[PDB]
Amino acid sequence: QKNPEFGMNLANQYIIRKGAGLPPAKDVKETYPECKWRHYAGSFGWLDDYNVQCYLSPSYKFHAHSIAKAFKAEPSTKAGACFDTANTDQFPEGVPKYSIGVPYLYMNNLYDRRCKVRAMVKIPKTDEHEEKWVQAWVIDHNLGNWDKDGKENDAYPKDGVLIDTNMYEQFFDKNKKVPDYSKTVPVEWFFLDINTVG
């Protein structure tokens, strides 16, 4: 099976060629200004200016900048929102090397769930490693309704993401690890195979 079916291998452009030869990346918030966290009919949700549900499609041209919490990947391969979705092309057996979970800002849970799809995630330079992009898999959905410090509230926007605990510790210098995962970390990422906004 040829993968990608058409065009350049984008993942290798980031992983082997460090993102060279690509346009300056904009922020995915710019693709849909009216996609806001709104109240309607007794719920909060991601709604546009006509109260139609919306969600964002971050791509290599429009990266997401999210506040992440850690999660333990292995349980989401046995339970959760994605584990019984049909396997997609090259989806790993076992636990993916890099795993994320995404909230309603980035999916529709009835018709566009984005379970078992690929995402590129940037791990910034630390004193242990150069900055690097990695190819991760979506293996669960999450709420993500926390503020910058991780405080959760039912009225807060559902926009935070989850990154697996091993990845998470790679965001910190040798002597700044967070063994109880109590700190949020900012994460820049996008969907590797979704490219629908110019």
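The first residue of the sequence shown is number 1, and the count goes up from there.
A.B. asks: Return whichever of 36-44 and 138-146 has the greater mean Cα B factor according to the PDB record.
C.D. replies: Stretch with the greater average CA B-factor: 36-44.
A.B. asks: Do the C-alpha atoms of 127-135 or of 61-69 have the higher average B factor in the entry?
C.D. replies: The stretch with the larger average C-alpha B-factor is 127-135.
A.B. asks: Looking at the C-alpha B-factor values in the deposited entry, which of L105, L110, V121, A79 comes out highest?
C.D. replies: Across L105, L110, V121, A79, the entry lists the biggest C-alpha B-factor for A79.
A.B. asks: So where's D154 on the chain's Cα temperature factor ranking, which third?
C.D. replies: CA B-factor rank for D154: highest third.
A.B. asks: Which third, lowest, middle or highest, does the C-alpha temperature factor of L22 belong to within its own chain?
C.D. replies: Highest third - that is where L22 ends up once the chain's C-alpha B-factors are sorted.
A.B. asks: In terms of the chain's CA B-factor thirds, is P96 lowest, middle or highest?
C.D. replies: Middle third - that is where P96 ends up once the chain's C-alpha B-factors are sorted.
A.B. asks: Should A86 be placed in the lowest, middle or highest third of its chain by the C-alpha B factor in the entry?
C.D. replies: Its C-alpha B-factor, which the entry lists for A86, ranks in the highest third among residues of this chain.
A.B. asks: What third of the chain, by the recorded C-alpha B-factor, contains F190?
C.D. replies: Lowest third.
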